[PDB]
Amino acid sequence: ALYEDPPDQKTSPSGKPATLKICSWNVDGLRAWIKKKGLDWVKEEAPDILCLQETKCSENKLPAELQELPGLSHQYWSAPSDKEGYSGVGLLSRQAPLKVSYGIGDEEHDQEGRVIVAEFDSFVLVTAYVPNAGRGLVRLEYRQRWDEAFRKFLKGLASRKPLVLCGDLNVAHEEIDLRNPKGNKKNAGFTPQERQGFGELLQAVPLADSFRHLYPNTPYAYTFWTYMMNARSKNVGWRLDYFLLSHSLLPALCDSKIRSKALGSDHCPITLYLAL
């Protein structure tokens, strides 16, 4: 069935106005996304921070319209060292962060430009493009090694400052989070090993799924639809993109949106509203 995201709640549950707006988006080819007018949608959305995933573009090939963003002038890019036109994440912010770094500390895992860590006055923002288990699970065993490393990285960090993780985590945590959950239990993104890894992430760090903490039984709410077979029109889709919060940030949580209608990629944007 079709899905219309509820309207933007811009006040904290104790009445504090939201002061920070973070948008995350797997653009699945930044240069295609831009040509398909993605930057227009971002200017309308006007976030304080934009996290981009699956850019498939090296820094020196970034189009010019990316610089002519005034309200997002601090930009940091991480692409892989070996594979051109593969993976790659971006982080653009209105206000310069205190610290930026790339990778999660391992070396088997910081070779693909999947993670940017941005530190701000009150919170630490991480953005991820989690490795996909691939067609026929060819990379699932790698994915599980990744998960454990990422998990330890986040914990060994969420214990100075509270943690905002956002981006494409390439798992539908529960059957609620996809349209065909049982035609998909041997497909990448709904394997038991992937799913339990997500829960491991939620318990170990710990974190909270912003969207599911505000809508614990809302169905049909996906961020990803395959280009194939008009999956997007039929709203047959998956929820792969998250905002995950430190517990001490739920008091500050105003809303976690799924921007179903923005086009330009096989994913749609997600937007977080915090009060700080």
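Start at 1 with the first residue shown and count on from there.
- Judged by the one-third criterion across other entries of this protein, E107, though modelled here, is missing from at least a third of those that model both its neighbours.
- Compared with other PDB entries of the same protein, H173 is present in all of those that resolve the residues around it, none of them, let alone a third, dropping it.
- On average the C-alpha atoms of 192 to 200 have higher B-factors than those of the other stretch, with 86 to 94 and 192 to 200 being the two compared.
- Higher average CA B factor: 104 to 112, of the stretches 104 to 112 and 70 to 78.
- When the C-alpha B factors of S248, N26, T223, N60 are read from the deposited coordinates, the top value falls at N60.
- Of all the options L165, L178, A118, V130, the entry's greatest CA B-factor is assigned to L178.
- When the modelled residues of the chain are ordered by C-alpha B-factor, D8 sits in the lowest third.
- Ranked within its chain, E65 lands in the highest third, by CA B factor from the PDB record.
- When the CA B factors of the chain's modelled residues are split into thirds, the value for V126 lands in the lowest one.
- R31: CA B factor lies in the lowest third for its chain, per the PDB record.
- Ranked within its chain, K56 lands in the lowest third, by CA B factor from the PDB record.
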